[PDB]
Amino acid sequence: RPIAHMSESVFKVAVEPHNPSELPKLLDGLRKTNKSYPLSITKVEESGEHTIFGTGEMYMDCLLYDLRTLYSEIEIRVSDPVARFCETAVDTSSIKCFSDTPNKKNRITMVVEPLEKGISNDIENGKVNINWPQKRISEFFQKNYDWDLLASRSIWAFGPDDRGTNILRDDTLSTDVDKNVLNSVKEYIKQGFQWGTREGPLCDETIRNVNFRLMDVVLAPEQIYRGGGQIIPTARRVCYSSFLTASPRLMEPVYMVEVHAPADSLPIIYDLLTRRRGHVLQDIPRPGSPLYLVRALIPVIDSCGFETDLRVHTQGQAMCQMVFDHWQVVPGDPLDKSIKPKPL
Amino acid sequence: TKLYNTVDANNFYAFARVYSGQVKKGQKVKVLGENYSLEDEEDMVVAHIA
Amino acid sequence: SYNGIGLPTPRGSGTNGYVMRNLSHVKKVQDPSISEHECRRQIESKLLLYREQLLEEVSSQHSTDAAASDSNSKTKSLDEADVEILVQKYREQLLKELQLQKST
Amino acid sequence: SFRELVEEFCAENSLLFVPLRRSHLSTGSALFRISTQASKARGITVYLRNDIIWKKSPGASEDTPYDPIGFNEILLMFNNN
Amino acid sequence: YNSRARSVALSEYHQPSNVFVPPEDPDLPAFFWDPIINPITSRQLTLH
């Protein structure tokens, strides 16, 4: 089994060589770095720039030290760090959405809706598994979210891949003669669903906390016209269309700081967190120690140099450690042309 | 589960736990990737042990 | 030399450096109700499945009664007549939908 | 784009276009596996670059660059077996 | 946080903070509970 790591990357930095004559050396260095750093994810964008995903700022600092000195002894250009986002849907699809196969006979329509509070977390932690008999999945869902029978029995697959936080469901009104045909096309509509949910339509990212419940698939003739490669793009397009009509949103990762500061350093920490879009869950004295323990969340995008500010302003005291905690929806509306922000 | 740098950043050491069998230097082994399966038989790579 | 403000070295200029802060900087519903209709049809189908489970439990009771009569396996209560009582259920729920549409 | 072109072409010939969840060690592009039907013995591995279909010969080492292949050759190799 | 990073030097990341406070008066014994130290009271646990 592949290693199950205790954190995600959610910290992006884009690099390219100082002079373009040494791009192959940068590529070799990136390959070696990807070998050596387990959660590093080297990716190539359409602009040709290379992004690197690491756990945090110290992770990327050590990674870039190795890239510059260890592997590719060149000079590189490093962009400012940015978080890795995700897209979700906050409301059910406003209208039904349909797509047609290139043969223009098989019509597939989909509707989507947000999940309840628990299901995403319970999928990630392992309270549910796809590699389970349907009976256990059905009873778990019914017992825990008061879901009804056939919907619980119709869970097809999770995406993208196992541990993914998207549910493929089908509501075909039963009374369907072509159970064999539907079962034949299900095994390769799964792949289209995974393809769509891995690469979001809102942006080239993953989708989170959305169930794509199938509504109606109609196809009259015999099996020669049922091509998996003919039908997958239809599934991906209908998934995209339903998700877009579902009023999509952006998810951002949030850390979980843990500051150990004396009593007199509390106001500085509170001010820093309030300025940096973070809020304090818990502020208690540490038992057996003269220090105070502060536990708080802060978005990854706003945690650039939080540790440095904290240690400088508290005269060296107040050491803090940042752990990736969960995903949070950005307060704005991603698709709102009425907003024209000033680019400073 | 790990790869380690040599004293100079030239070649890597694979850190492995021998679960069964025996291994000798110069042995021919086939390396299986993270997603090798019955569907994906193309991630296998034949390699020697130095 | 600091936060992008200042010159690299005061040598070469007739000044000592000593950058200051400005001190004057201005720091300023659903259109297609067929969604709800199809959800209601699906929940009616799941109620039908619930009644099918009840029929299976009644079948187990029938098997127990048959075994008791033998004493004085697994059996099925009704193979298809339950589909006719289900047809009655369809008629009743269609009447309910018609009444609800009349109310609205 | 060329991706949609090859996708619709595979649709016309009733083939399958499955993405191998891998990135090439040299170009970093997403690798795809093309299969004719449920039979899996004849499967061609493809990655895309500059509107060109690239393929590796079976059993060749990774460091050897992939060689390009057109639609007619894929049909030529899938239609005679 | 900067490209073109040449001739920089790295510094010690952190040290375990020292929790020693010198005694105020010699009358007190060497080992004595300092009132600054928070009490050991954690009835907030769920053990076996």
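As written, the chain order gives the labels A, B, C, D and E, with residue 1 at the start of each chain.
In this text, contacts are C-beta pairs under 8 Å (C-beta built on N, C-alpha and C of every residue); 3 or more make two chains touch, one makes a residue touch a chain.
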* Asked: Which number of steps is the smallest that gets you from subunit D over to subunit E via touching chains?
  -> 2
* Asked: subunit A to subunit B: how many Å between their CA centres?
  -> 31
* Asked: In angstrom, rounded to a whole number, how far apart do the mean CA points of subunit B and subunit D lie?
  -> 27
* In whole angstrom, how far does the Cα centroid of subunit A sit from the Cα centroid of subunit C? -> 21
* Asked: Per the centroid of Cα atoms for each chain, what is the distance between subunit C and subunit E, given in Å?
  -> 50
* Asked: Multi-chain contacts in subunit A: which residues touch at least two other chains?
  -> none
* Structure fact -> Residues in subunit D with touches to at least two other chains are numbered 21
* **Pairs of chains found to touch, sorted by chain label** => A-B, A-C, A-D, A-E, B-D
* For the subunit C and subunit A complex, residues of the former touching the latter -> 30-32, 34-35, 38, 41-43, 45-46, 49-50
* Structure fact -> Listed in rising order, the residues of subunit B that touch subunit A in the complex are 1, 3, 5, 9, 12, 34
* Interface residues, subunit A side, partner subunit E - complex -> 18, 58, 65, 68, 75-78, 80, 285-290, 305, 317, 319
* To do: Over in the complex, which subunit A residues touch subunit D? Could you list them?
  => 27, 31, 42-44, 101-102, 161, 188, 191, 195, 224-225, 227-230, 232-233
* Asked: Which subunit D residues qualify as touching subunit B in the complex?
  -> 20-22, 33, 40, 43, 45, 61-62
